[PDB]
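Asks: Okay, here's the structure, questions in a sec.
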Amino acid sequence: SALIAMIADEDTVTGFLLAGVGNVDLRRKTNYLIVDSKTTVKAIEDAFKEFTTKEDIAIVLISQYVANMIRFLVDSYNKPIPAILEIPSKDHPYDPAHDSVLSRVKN
Amino acid sequence: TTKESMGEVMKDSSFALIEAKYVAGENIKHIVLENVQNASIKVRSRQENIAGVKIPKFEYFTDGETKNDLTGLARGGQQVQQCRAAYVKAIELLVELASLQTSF
Amino acid sequence: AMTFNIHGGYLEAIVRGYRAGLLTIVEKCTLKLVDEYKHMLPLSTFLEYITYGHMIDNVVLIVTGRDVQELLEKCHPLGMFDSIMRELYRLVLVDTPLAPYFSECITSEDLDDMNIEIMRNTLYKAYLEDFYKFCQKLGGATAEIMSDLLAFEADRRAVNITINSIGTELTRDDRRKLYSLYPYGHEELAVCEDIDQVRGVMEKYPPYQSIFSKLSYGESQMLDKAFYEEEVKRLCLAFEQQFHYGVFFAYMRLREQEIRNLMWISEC
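Residue numbers (the numbering used here), protein chains in the order written: chain A, 203 to 309; chain B, 5 to 108; chain C, 538 to 805.
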């Protein structure tokens, strides 16, 4: 259906948000904009548990797991389809840590 | 294999941002945010029963239905070749992750 | 050139010193240049025209519609002029010569200024009005350089049109009109409908020619990146720094080029 990050490095996210339509997976109309680092990205995990899990958006995004604060979404490993994400670099190289799906994928 | 493609995907993607900075400088920012010539965020996933277990075929952007493009920007082609390819990789990554978790 | 000695010598000397002084980070550099211009506030008209173009950019940003005020604040106050939707475009038209042409091109206000393709036409009309304001300097060598730069911008716009905006359904006559004396007439680059065919014709333009060269990056790109090498050459034209003329706009262009180079360097 769609995939809402609502928090990331946003450098590649803006270029991967939308060009012609699809409302950037409703990240603009609903949820939150892909831009992050202004606030805690634990709210991103909360939105993924709320908005992404609401069947509107399949996946999410978090960067490098260092400042991504994705340890709150560590329990989100169960039910992989509502909460599936892989840490890219996007100028912040991925660091293996407790995240949404990083621990399960690494294991 | 998808994880091996990951990381190199972001390394390729950074080139699109560098090209955008070189050509068009600052992006549109705000709602527009520019930097996108293709890979609209629209997907299509379906749970499929394999070996008696339903496996969601999580096909994300650049591999999901209703994807849209709007011509090309100054570095819009670079974004399509870098950022949109990352979406194609991420589609397979999500599908494989869900299938692997269910199978495990 | 005795007029410079008779009057205006101090301001010209200050502008020349500011130009020779300069050879995130880009935003900070642009804000510093804007502060220098404000402290400073002929060549003054050229600097005003350059600021008018930089304000046409911010107006097209503001005419559309998302923290727009924050985005304008992040830009330089020279680009984001304090004096400065259909109402937003109409208000921008005042005190800025470039904005009313952008409003005329954008008949649907923000809708006809979509960042995908429509904002390109709106900004092209704004740049055309800014070029008219520059031409209102009653000519000159700096006016000739501005005309060459405007011709380069028009050729880049036409090349980007034939490359990608055909899918955006911009009419060939309209796109040529959208792509802007020298910028006004560019039939050679618009003769070829094919993107590959039109790229060669656009490179055949004297502003694009002899500067783009191989043009691995540049003429192939869309938007207004076709004359990127010609822009650096025009910056090198200011490197001559011939005195007794109007080079305040050249100083602003050199400062902007330095800011862009600093941004491109980024880390290391």
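Backbone N, C-alpha and C define an ideal beta-carbon position, used for all residues, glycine too.
To the nearest angstrom, report how far apart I748 of chain C and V84 of chain B are at their CA atoms.
Replies: Residue numbering aside, residue 748 of chain C sits at position 211 when the third sequence is read from its first letter. Residue numbering aside, residue 84 of chain B sits at position 80 when the second sequence is read from its first letter. So the alpha carbons of these two residues sit roughly 27 Å apart.
Asks: How is the alpha helix (DSSP H) around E564 of chain C delimited, first residue to last?
Replies: Position 27 of the third sequence, counting from 1, holds the residue named residue 564 of chain C. From DSSP, the alpha helix (DSSP H) with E564 of chain C extends over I562 to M577.
Asks: For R50 of chain B, does the count of other Cβ atoms within 10 angstroms reach 16, so buried, or fall short, so exposed?
Replies: Along the second sequence, read from residue 1 onward, the residue named residue 50 of chain B stands at position 46. Looking at its Cβ environment, which holds fewer than 16 other Cβ atoms inside 10 Å, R50 of chain B is exposed.
Asks: How big is the Cα-Cα spacing for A636 of chain C and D733 of chain C?
Replies: Translated into positions along the third sequence, residue 636 of chain C becomes position 99. Translated into positions along the third sequence, residue 733 of chain C becomes position 196. Their backbone Cα atoms lie some 33 Å apart in a straight line.
Asks: State yes or no: is the beta carbon of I283 of chain A nearer than 8 Å to at least one beta carbon in chain B?
Replies: Position 81 of the first sequence holds residue 283 of chain A. It does; some Cβ of chain B falls within 8 Å.
Asks: Compute the Euclidean distance between the alpha carbons of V596 of chain C and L665 of chain C, then round it to the nearest angstrom.
Replies: Numbered from its first residue, the third sequence carries residue 596 of chain C at position 59. Numbered from its first residue, the third sequence carries residue 665 of chain C at position 128. In a straight line, the C-alpha of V596 of chain C is about 14 Å away from that of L665 of chain C.
Asks: Please state the DSSP three-state secondary structure of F19 of chain B.
Replies: For the purposes of this step, residue 19 of chain B is taken as residue 15 along the second sequence, with counting starting at 1. Helix, per DSSP.
Asks: What does the alpha-carbon distance come out to for the pair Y788 of chain C and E756 of chain C?
Replies: The residue you call residue 788 of chain C lines up with position 251 of the third sequence. The residue you call residue 756 of chain C lines up with position 219 of the third sequence. Their backbone Cα atoms lie some 26 Å apart in a straight line.
Asks: Verify the CB distance criterion: does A20 of chain B have a CB-CB separation below 8 Å to chain A?
Replies: Locating residue 20 of chain B in the second sequence gives position 16, counting from the first residue. Judged by the 8 Å Cβ criterion, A20 of chain B is in contact with chain A.
Asks: If we count Cβ pairs, one from each stretch, closer than 8 Å, do we get three or more for the region 763–783 of chain C versus the region 678–697 of chain C?
Replies: yes
Asks: Based on the DSSP output, what are the partners of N53 of chain B in its beta bridges?
Replies: Residue numbering aside, residue 53 of chain B sits at position 49 when the second sequence is read from its first letter. DSSP lists B:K58 as partners of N53 of chain B.
Asks: Here's a check: name, in chain order, each residue in its chain whose Cβ is nearer than 8 Å to the Cβ of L772 of chain C, leaving out the five neighbours to either side.
Replies: Residue mapping note: residue 772 of chain C aligns to position 235 of the third sequence, counting from 1. Cβ within range, chain order: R790, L791 and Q794.
Asks: Who pairs with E63 of chain B in a beta bridge, going by DSSP?
Replies: Translated into positions along the second sequence, residue 63 of chain B becomes position 59. Answer is B:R48.
Asks: For the region 684–707 of chain C, which residues have a beta carbon sitting closer than 9 Å to at least one beta carbon of chain B?
Replies: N697, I700, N701, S702, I703, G704 and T705
Asks: Buried or exposed: which applies to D761 of chain C, given that a residue is buried once 16 or more other Cβ atoms fall within 10 Å of its Cβ?
Replies: Position 224 of the third sequence, counted from the start, is the residue given in the question as residue 761 of chain C. It is buried - the Cβ of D761 of chain C has at least 16 other Cβ atoms within 10 Å.
Asks: Using CA atoms only, rank isn't needed, just tell me which of C:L580, C:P579 and C:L559 is closest to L570 of chain C.
Replies: Counting from 1 along the third sequence, the entry for residue 570 of chain C is found at position 33. It is C:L559 whose Cα lies nearest to the Cα of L570 of chain C.
Asks: Have a look at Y589 of chain C and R553 of chain C and give me their C-alpha separation to the nearest angstrom.
Replies: As a position in the third sequence, residue 589 of chain C is number 52, starting the count at 1. As a position in the third sequence, residue 553 of chain C is number 16, starting the count at 1. For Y589 of chain C and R553 of chain C, the distance between alpha carbons rounds to 21 Å.
Asks: Could you tell me whether the Cβ atoms of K33 of chain B and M800 of chain C are closer together than 8 Å?
Replies: The residue given as residue 33 of chain B occupies position 29 in the second sequence. The residue given as residue 800 of chain C occupies position 263 in the third sequence. Cβ distance not < 8 Å, so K33 of chain B and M800 of chain C don't count as in contact.
Asks: How would you list, in chain order, the residues of chain B whose beta-carbon sits under 8 Å from the beta-carbon of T216 of chain A?
Replies: Along the first sequence, one-based indexing puts residue 216 of chain A at 14. Correct list: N31, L37, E38, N39 and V40.
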